[PDB]
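J.: For reference, the structure I am asking about is given below.
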Amino acid sequence: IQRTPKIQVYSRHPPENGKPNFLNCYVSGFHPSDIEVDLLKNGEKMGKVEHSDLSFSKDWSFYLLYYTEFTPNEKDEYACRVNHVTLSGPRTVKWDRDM
Amino acid sequence: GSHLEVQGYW
Amino acid sequence: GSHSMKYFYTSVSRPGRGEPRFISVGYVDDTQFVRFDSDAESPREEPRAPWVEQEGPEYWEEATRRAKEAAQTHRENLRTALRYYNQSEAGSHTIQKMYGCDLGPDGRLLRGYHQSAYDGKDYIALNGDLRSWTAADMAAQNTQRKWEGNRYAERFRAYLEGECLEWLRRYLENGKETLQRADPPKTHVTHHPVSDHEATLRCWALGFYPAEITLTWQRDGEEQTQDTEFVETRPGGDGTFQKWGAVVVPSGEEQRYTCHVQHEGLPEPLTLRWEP
């Protein structure tokens with residue numbers, strides 16, 4: 001079948017520059033379950049990224065949360081990078097404090 | 001336990 | 001209030017790399033409480049909620065046994081499916097199974113679940129009557145016949161009305177402070193210009209539990225769907241959930257738009273506006 005992942009990159013709490021927070025990348029609606037997800041800061045993989053146990057929704061589509069600690073600031077860029085069989089190359093979604 | 005004891009084979 | 005206990009099993013074969021990977025996660029309502037992963041360094045049922053960590057050795061030994069048996073059943077089912085669909089052992093395949101019970105306010109079984117998909121498509125499911133199965137295809141009909149032959153529906157029902165409800169009750173009692181408490185969302189509206197003629201109003205709901213929530217936009221009190229975007233409800237990472245809904249509006253008309261939020265944790269539904 002093959003379903004393309006949806007991706008949301010976002011903070012646990014409303015971001016304030018300099019204030020410790022939590023960076024989340026929620027990937028969902030994909031199939032098969034094989035997937036690669038990374039959290040990046042300024043284009044480089046962050047130091048300690050972990051993830052939830054594979055689970056799925058009503059329609060059988062899988063979802064995973066990848067996460068790490070982060071302290072937002074004006075100069076640094078944070079992003080989530082996903083590779084899946086349904087994606088040509090890796091898809092990268094930048095963290096946007098407005099979403 | 002909560003885990004289903006009965007096994008449903010296809 | 002109504003509550004639920006559900007298990008989600010996923011098995012994925014991986015030819016050339018040994019046995020299929022089995023993952024089980026258990027939930028009470030929207031709270032995960034256990035996990036088992038056959039690829040863990042020492043595969044065993046593990047606590048994922050404080051109100052279950054306290055269970056004695058019996059619980060973990062038996063849950064580990066059952067998780068392993070479930071994995072075995074899934075391996076057998078994967079082989080069987082290769083037969084049913086005439087597929088090669090060299091290809092990877094997936095089985096997903098969810099099952100569980102809903103405890104009603106009266107304390108009796110409200111609803112039962114037992115359903116499975118093969119390679120991401122419906123395979124077989126227990127019907128609303130809790131007595132018959134819907135088979136999605138001819139392959140699943142073999143399974144349907146087998147299960148009619150061995151009274152699988154009845155025995156599962158015994159589980160639903162037996163240990164499923166009993167353990168659901170037990171967990172609800174052991175973790176009432178966290179399971180039976182509804183945390184309302186912290187909400188707000190933000191404004192983001194799209195151009196010199198349009199702007200986005202975004203209504204945020206954060207830190208709420210359980211996951212169920214309604215978030216809508218109105219103009220002059222009328223429901224609005226045109227030019228709206230509602231993201232999938234998403235986990236906070238701390239056991240809470242989040243959601244936002246946005247609408248693009250003509251600059252100057254912002255004060256006619258209201259965001260409406262409904263959640264179990266709220267005494268009254270919310271009516272929010274952009275507060276510059």
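Note on naming: chains are A, B, ... as they come in the structure tokens, residues start from 1 per chain, ligands start from 1 in the order shown.
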Please provide as an mmCIF file with N, CA and C atoms, in the first residue's frame all residues within 12 Å of stretch 151-155 of chain C, with the sequence filter that same-chain residues fewer than 5 positions apart are discarded (counting only C-alpha atoms).

T.:
data_model
loop_
_atom_site.group_PDB
_atom_site.id
_atom_site.type_symbol
_atom_site.label_atom_id
_atom_site.label_comp_id
_atom_site.auth_asym_id
_atom_site.auth_seq_id
_atom_site.Cartn_x
_atom_site.Cartn_y
_atom_site.Cartn_z
ATOM 1 N N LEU B 4 -4.129 -10.489 26.665
ATOM 2 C CA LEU B 4 -5.050 -11.533 26.232
ATOM 3 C C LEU B 4 -4.385 -12.905 26.259
ATOM 4 N N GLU B 5 -4.976 -13.829 27.009
ATOM 5 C CA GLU B 5 -4.442 -15.181 27.120
ATOM 6 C C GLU B 5 -4.785 -16.012 25.889
ATOM 7 N N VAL B 6 -5.994 -15.823 25.372
ATOM 8 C CA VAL B 6 -6.447 -16.553 24.193
ATOM 9 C C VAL B 6 -5.687 -16.109 22.948
ATOM 10 N N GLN B 7 -5.209 -17.079 22.176
ATOM 11 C CA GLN B 7 -4.461 -16.791 20.958
ATOM 12 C C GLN B 7 -5.307 -17.051 19.716
ATOM 13 N N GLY B 8 -5.451 -16.029 18.879
ATOM 14 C CA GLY B 8 -6.227 -16.145 17.658
ATOM 15 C C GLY B 8 -5.355 -16.377 16.440
ATOM 16 N N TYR B 9 -5.273 -17.631 16.007
ATOM 17 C CA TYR B 9 -4.466 -17.989 14.850
ATOM 18 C C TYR B 9 -5.249 -17.802 13.558
ATOM 19 N N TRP B 10 -4.598 -17.210 12.564
ATOM 20 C CA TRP B 10 -5.220 -17.002 11.266
ATOM 21 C C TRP B 10 -5.378 -18.318 10.519
ATOM 22 N N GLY C 112 -16.351 -3.608 22.997
ATOM 23 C CA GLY C 112 -15.177 -4.450 22.858
ATOM 24 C C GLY C 112 -14.503 -4.238 21.516
ATOM 25 N N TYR C 113 -13.192 -4.459 21.471
ATOM 26 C CA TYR C 113 -12.420 -4.325 20.239
ATOM 27 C C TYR C 113 -11.514 -5.524 20.026
ATOM 28 N N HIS C 114 -11.463 -5.989 18.782
ATOM 29 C CA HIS C 114 -10.503 -6.997 18.359
ATOM 30 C C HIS C 114 -10.416 -6.946 16.842
ATOM 31 N N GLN C 115 -9.388 -6.283 16.332
ATOM 32 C CA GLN C 115 -9.286 -6.071 14.900
ATOM 33 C C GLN C 115 -7.841 -6.076 14.444
ATOM 34 N N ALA C 125 -12.035 -8.276 11.720
ATOM 35 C CA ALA C 125 -12.435 -7.481 12.877
ATOM 36 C C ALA C 125 -13.669 -8.043 13.560
ATOM 37 N N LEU C 126 -13.747 -7.879 14.877
ATOM 38 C CA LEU C 126 -14.919 -8.310 15.628
ATOM 39 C C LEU C 126 -16.027 -7.279 15.457
ATOM 40 N N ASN C 127 -17.224 -7.739 15.109
ATOM 41 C CA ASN C 127 -18.336 -6.830 14.855
ATOM 42 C C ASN C 127 -18.931 -6.251 16.136
ATOM 43 N N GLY C 128 -19.824 -5.277 15.974
ATOM 44 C CA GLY C 128 -20.453 -4.611 17.098
ATOM 45 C C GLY C 128 -21.223 -5.553 18.007
ATOM 46 N N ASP C 129 -21.730 -6.644 17.441
ATOM 47 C CA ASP C 129 -22.479 -7.628 18.216
ATOM 48 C C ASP C 129 -21.583 -8.457 19.135
ATOM 49 N N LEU C 130 -20.269 -8.307 18.986
ATOM 50 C CA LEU C 130 -19.310 -9.064 19.790
ATOM 51 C C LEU C 130 -19.431 -10.577 19.578
ATOM 52 N N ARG C 131 -20.041 -10.981 18.469
ATOM 53 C CA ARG C 131 -20.294 -12.395 18.211
ATOM 54 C C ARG C 131 -19.875 -12.824 16.806
ATOM 55 N N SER C 132 -19.780 -11.870 15.887
ATOM 56 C CA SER C 132 -19.455 -12.181 14.497
ATOM 57 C C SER C 132 -18.267 -11.366 13.993
ATOM 58 N N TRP C 133 -17.605 -11.870 12.955
ATOM 59 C CA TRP C 133 -16.437 -11.204 12.396
ATOM 60 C C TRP C 133 -16.703 -10.663 10.994
ATOM 61 N N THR C 134 -16.105 -9.518 10.695
ATOM 62 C CA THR C 134 -16.026 -9.014 9.338
ATOM 63 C C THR C 134 -14.651 -9.339 8.765
ATOM 64 N N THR C 143 -9.753 -17.512 8.079
ATOM 65 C CA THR C 143 -9.594 -17.231 9.499
ATOM 66 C C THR C 143 -10.954 -17.155 10.181
ATOM 67 N N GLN C 144 -11.912 -16.539 9.501
ATOM 68 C CA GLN C 144 -13.269 -16.445 10.013
ATOM 69 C C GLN C 144 -13.857 -17.831 10.271
ATOM 70 N N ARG C 145 -13.737 -18.717 9.289
ATOM 71 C CA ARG C 145 -14.216 -20.084 9.458
ATOM 72 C C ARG C 145 -13.520 -20.776 10.623
ATOM 73 N N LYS C 146 -12.198 -20.649 10.694
ATOM 74 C CA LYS C 146 -11.471 -21.262 11.805
ATOM 75 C C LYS C 146 -11.973 -20.773 13.161
ATOM 76 N N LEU C 160 -12.995 -10.116 27.663
ATOM 77 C CA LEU C 160 -13.543 -8.768 27.749
ATOM 78 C C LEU C 160 -14.267 -8.545 29.068
ATOM 79 N N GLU C 161 -15.192 -9.442 29.385
ATOM 80 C CA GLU C 161 -15.989 -9.307 30.599
ATOM 81 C C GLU C 161 -15.227 -9.755 31.843
ATOM 82 N N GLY C 162 -14.145 -10.495 31.638
ATOM 83 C CA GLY C 162 -13.336 -10.978 32.739
ATOM 84 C C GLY C 162 -12.155 -10.079 33.050
ATOM 85 N N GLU C 163 -10.957 -10.558 32.728
ATOM 86 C CA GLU C 163 -9.721 -9.869 33.094
ATOM 87 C C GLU C 163 -9.546 -8.468 32.506
#

J.: At a cut-off of 10 Å, using only C-alpha atoms, what residues contact residue C:164? Leave out same-chain residues fewer than 5 positions from it and give the result as a PyMOL selection string.

T.: (chain B and resi 1-4) or (chain C and resi 4-6+100-103+109+112+156-159+169-170)

J.: Could you write out that same residue set with N, CA, C and O atoms as a short mmCIF file (atom, residue, chain, number, x, y, z; two decimals), in the first residue's frame?

T.:
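Contents of the output file selection-v6.cif:
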data_model
loop_
_atom_site.label_atom_id
_atom_site.label_comp_id
_atom_site.auth_asym_id
_atom_site.auth_seq_id
_atom_site.Cartn_x
_atom_site.Cartn_y
_atom_site.Cartn_z
N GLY B 1 -3.19 -11.24 34.36
CA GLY B 1 -2.69 -10.05 33.69
C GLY B 1 -3.71 -9.47 32.74
O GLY B 1 -4.80 -10.03 32.57
N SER B 2 -3.36 -8.35 32.11
CA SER B 2 -4.26 -7.69 31.17
C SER B 2 -4.08 -8.26 29.76
O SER B 2 -5.00 -8.20 28.94
N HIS B 3 -2.90 -8.80 29.49
CA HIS B 3 -2.60 -9.37 28.18
C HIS B 3 -3.54 -10.53 27.86
O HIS B 3 -3.73 -11.43 28.67
N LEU B 4 -4.13 -10.49 26.66
CA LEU B 4 -5.05 -11.53 26.23
C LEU B 4 -4.38 -12.90 26.26
O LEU B 4 -3.36 -13.12 25.62
N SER C 4 -11.12 3.23 28.85
CA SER C 4 -10.74 2.18 27.92
C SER C 4 -9.38 1.58 28.24
O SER C 4 -8.49 2.26 28.75
N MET C 5 -9.23 0.29 27.96
CA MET C 5 -7.91 -0.32 27.94
C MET C 5 -7.71 -0.98 26.59
O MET C 5 -8.57 -1.74 26.13
N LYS C 6 -6.58 -0.70 25.96
CA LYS C 6 -6.30 -1.23 24.63
C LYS C 6 -4.85 -1.67 24.51
O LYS C 6 -3.96 -1.01 25.04
N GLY C 100 -9.25 -4.58 22.96
CA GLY C 100 -9.45 -3.99 24.27
C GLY C 100 -10.90 -3.85 24.68
O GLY C 100 -11.80 -4.36 24.01
N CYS C 101 -11.13 -3.14 25.78
CA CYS C 101 -12.47 -2.99 26.33
C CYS C 101 -12.74 -1.57 26.81
O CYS C 101 -11.81 -0.84 27.18
N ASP C 102 -14.01 -1.19 26.79
CA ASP C 102 -14.48 0.07 27.35
C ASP C 102 -15.33 -0.21 28.58
O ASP C 102 -16.34 -0.90 28.50
N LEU C 103 -14.89 0.31 29.72
CA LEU C 103 -15.65 0.22 30.96
C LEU C 103 -16.61 1.40 31.04
O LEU C 103 -16.19 2.57 31.01
N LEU C 109 -19.31 -3.79 30.69
CA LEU C 109 -18.68 -3.64 29.38
C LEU C 109 -19.50 -2.74 28.47
O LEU C 109 -20.66 -3.04 28.17
N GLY C 112 -16.35 -3.61 23.00
CA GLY C 112 -15.18 -4.45 22.86
C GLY C 112 -14.50 -4.24 21.52
O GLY C 112 -15.16 -3.87 20.54
N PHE C 156 -12.97 -14.81 23.61
CA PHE C 156 -12.53 -13.43 23.70
C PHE C 156 -13.50 -12.61 24.53
O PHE C 156 -13.09 -11.77 25.33
N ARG C 157 -14.79 -12.86 24.34
CA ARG C 157 -15.82 -12.18 25.13
C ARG C 157 -15.58 -12.45 26.61
O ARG C 157 -15.71 -11.55 27.44
N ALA C 158 -15.23 -13.69 26.93
CA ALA C 158 -14.93 -14.05 28.31
C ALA C 158 -13.80 -13.18 28.83
O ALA C 158 -13.84 -12.71 29.97
N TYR C 159 -12.78 -12.96 28.00
CA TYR C 159 -11.70 -12.05 28.39
C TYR C 159 -12.21 -10.62 28.61
O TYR C 159 -11.89 -9.98 29.61
N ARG C 169 -10.29 -1.61 35.77
CA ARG C 169 -10.71 -1.08 37.07
C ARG C 169 -9.53 -0.90 37.99
O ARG C 169 -9.36 0.14 38.63
N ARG C 170 -8.73 -1.96 38.09
CA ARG C 170 -7.57 -1.93 38.96
C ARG C 170 -6.61 -0.78 38.63
O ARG C 170 -6.14 -0.08 39.53
#

J.: Separation of atom CA of residue C:3 and atom CA of residue C:264, in Å?

T.: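 Rounded to one decimal, the two atoms are 13.2 Å apart.
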
J.: Please determine the contact residues of chain C with respect to chain A at a cut-off of 10 Å, counting only C-alpha atoms, and supply them as number ranges by chain.

T.: C: 7-12, 23-26, 32, 34-37, 92-98, 115-122, 190-192, 202, 204, 206-207, 231-232, 234-238, 240-246

J.: Write to file, as a short mmCIF file (atom, residue, chain, number, x, y, z; two decimals), in the first residue's frame, the residues of the selection just made, with N, CA and C atoms.

T.:
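Written out: selection-v7.cif:
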data_model
loop_
_atom_site.label_atom_id
_atom_site.label_comp_id
_atom_site.auth_asym_id
_atom_site.auth_seq_id
_atom_site.Cartn_x
_atom_site.Cartn_y
_atom_site.Cartn_z
N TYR C 7 -4.63 -2.77 23.80
CA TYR C 7 -3.29 -3.17 23.41
C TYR C 7 -3.12 -3.07 21.90
N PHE C 8 -1.94 -2.61 21.50
CA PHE C 8 -1.56 -2.46 20.10
C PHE C 8 -0.31 -3.29 19.85
N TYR C 9 -0.47 -4.35 19.05
CA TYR C 9 0.62 -5.23 18.68
C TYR C 9 1.00 -4.97 17.23
N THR C 10 2.29 -4.89 16.96
CA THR C 10 2.78 -4.76 15.60
C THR C 10 3.88 -5.79 15.38
N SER C 11 3.73 -6.62 14.35
CA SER C 11 4.80 -7.55 13.97
C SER C 11 5.25 -7.28 12.54
N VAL C 12 6.56 -7.23 12.33
CA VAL C 12 7.11 -6.96 11.01
C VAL C 12 8.17 -7.99 10.67
N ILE C 23 6.30 -5.65 18.62
CA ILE C 23 6.18 -4.55 19.57
C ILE C 23 4.76 -4.50 20.12
N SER C 24 4.64 -4.46 21.44
CA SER C 24 3.34 -4.30 22.08
C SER C 24 3.33 -3.06 22.95
N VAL C 25 2.28 -2.25 22.81
CA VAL C 25 2.10 -1.13 23.73
C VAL C 25 0.70 -1.17 24.31
N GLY C 26 0.58 -0.91 25.61
CA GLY C 26 -0.70 -0.91 26.27
C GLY C 26 -1.09 0.48 26.73
N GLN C 32 -0.12 5.64 27.92
CA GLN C 32 0.62 4.39 27.75
C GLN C 32 1.12 3.93 29.10
N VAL C 34 2.54 0.32 29.46
CA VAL C 34 3.52 -0.74 29.27
C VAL C 34 4.04 -0.81 27.84
N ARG C 35 5.22 -1.40 27.68
CA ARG C 35 5.77 -1.68 26.36
C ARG C 35 6.55 -2.97 26.41
N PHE C 36 6.51 -3.71 25.30
CA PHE C 36 7.38 -4.85 25.08
C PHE C 36 7.92 -4.74 23.66
N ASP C 37 9.23 -4.92 23.50
CA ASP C 37 9.86 -4.85 22.19
C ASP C 37 10.84 -6.02 22.07
N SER C 92 9.04 -8.55 2.97
CA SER C 92 8.67 -8.13 4.32
C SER C 92 7.16 -7.91 4.42
N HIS C 93 6.57 -8.30 5.54
CA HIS C 93 5.12 -8.13 5.74
C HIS C 93 4.81 -7.68 7.16
N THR C 94 3.62 -7.11 7.36
CA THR C 94 3.25 -6.50 8.63
C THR C 94 1.90 -7.00 9.11
N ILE C 95 1.80 -7.28 10.40
CA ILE C 95 0.50 -7.51 11.02
C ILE C 95 0.30 -6.50 12.12
N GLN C 96 -0.86 -5.85 12.13
CA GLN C 96 -1.21 -4.97 13.24
C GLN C 96 -2.48 -5.48 13.89
N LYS C 97 -2.49 -5.52 15.22
CA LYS C 97 -3.65 -6.00 15.95
C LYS C 97 -3.94 -5.06 17.10
N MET C 98 -5.18 -4.61 17.21
CA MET C 98 -5.58 -3.84 18.38
C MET C 98 -6.75 -4.56 19.03
N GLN C 115 -9.39 -6.28 16.33
CA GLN C 115 -9.29 -6.07 14.90
C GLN C 115 -7.84 -6.08 14.44
N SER C 116 -7.63 -6.49 13.20
CA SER C 116 -6.29 -6.64 12.68
C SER C 116 -6.23 -6.32 11.19
N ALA C 117 -5.05 -5.83 10.80
CA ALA C 117 -4.73 -5.49 9.42
C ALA C 117 -3.48 -6.25 9.01
N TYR C 118 -3.44 -6.63 7.73
CA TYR C 118 -2.27 -7.27 7.16
C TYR C 118 -1.72 -6.36 6.07
N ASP C 119 -0.43 -6.03 6.18
CA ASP C 119 0.19 -5.07 5.26
C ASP C 119 -0.61 -3.77 5.14
N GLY C 120 -1.10 -3.27 6.27
CA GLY C 120 -1.74 -1.97 6.31
C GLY C 120 -3.19 -1.91 5.85
N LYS C 121 -3.78 -3.06 5.55
CA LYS C 121 -5.17 -3.12 5.14
C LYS C 121 -5.96 -4.01 6.08
N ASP C 122 -7.22 -3.65 6.32
CA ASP C 122 -8.11 -4.47 7.13
C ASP C 122 -7.94 -5.95 6.80
N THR C 190 -2.90 33.66 18.16
CA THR C 190 -1.80 34.43 17.59
C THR C 190 -2.19 34.92 16.20
N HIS C 191 -1.47 35.93 15.73
CA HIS C 191 -1.77 36.62 14.49
C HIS C 191 -0.49 36.71 13.67
N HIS C 192 -0.56 36.28 12.41
CA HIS C 192 0.62 36.20 11.55
C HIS C 192 0.30 36.70 10.14
N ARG C 202 -4.28 32.01 14.42
CA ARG C 202 -4.02 30.65 14.87
C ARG C 202 -4.46 30.47 16.32
N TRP C 204 -4.50 28.19 19.53
CA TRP C 204 -3.68 27.16 20.16
C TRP C 204 -4.35 26.59 21.40
N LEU C 206 -2.95 23.83 24.32
CA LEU C 206 -1.76 23.11 24.76
C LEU C 206 -1.97 22.44 26.12
N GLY C 207 -1.17 21.42 26.39
CA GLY C 207 -1.11 20.81 27.71
C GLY C 207 -2.39 20.15 28.19
N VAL C 231 -4.45 21.11 12.41
CA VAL C 231 -3.42 20.07 12.47
C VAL C 231 -3.90 18.90 13.32
N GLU C 232 -3.35 17.72 13.05
CA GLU C 232 -3.63 16.54 13.85
C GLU C 232 -3.24 16.78 15.31
N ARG C 234 -1.54 16.34 18.64
CA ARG C 234 -0.16 15.86 18.75
C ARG C 234 0.29 15.77 20.21
N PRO C 235 1.20 14.84 20.51
CA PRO C 235 1.63 14.65 21.90
C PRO C 235 2.62 15.72 22.34
N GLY C 236 2.52 16.15 23.60
CA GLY C 236 3.45 17.13 24.14
C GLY C 236 4.78 16.51 24.50
N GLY C 237 4.77 15.19 24.71
CA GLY C 237 5.96 14.47 25.13
C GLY C 237 5.97 14.21 26.63
N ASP C 238 4.99 14.78 27.32
CA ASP C 238 4.91 14.67 28.78
C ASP C 238 3.58 14.07 29.23
N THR C 240 0.70 14.98 27.83
CA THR C 240 -0.36 15.91 27.44
C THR C 240 -0.47 15.96 25.92
N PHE C 241 -1.47 16.69 25.42
CA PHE C 241 -1.67 16.81 23.98
C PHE C 241 -1.79 18.27 23.54
N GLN C 242 -1.64 18.51 22.25
CA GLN C 242 -1.71 19.85 21.68
C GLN C 242 -2.50 19.83 20.39
N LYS C 243 -3.00 21.00 20.01
CA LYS C 243 -3.67 21.17 18.73
C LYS C 243 -3.74 22.65 18.42
N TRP C 244 -3.66 23.00 17.15
CA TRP C 244 -4.03 24.35 16.73
C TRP C 244 -4.88 24.37 15.47
N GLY C 245 -5.68 25.42 15.32
CA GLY C 245 -6.48 25.60 14.13
C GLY C 245 -6.30 27.02 13.64
N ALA C 246 -6.03 27.19 12.35
CA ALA C 246 -5.80 28.51 11.80
C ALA C 246 -6.82 28.86 10.72
#

J.: If you measure from atom CA of residue C:56 to atom CA of residue C:27, what distance in Å do you get, rounded to one decimal?

T.: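 Atom-to-atom, atom CA of residue C:56 and atom CA of residue C:27 are spaced 19.3 Å apart.
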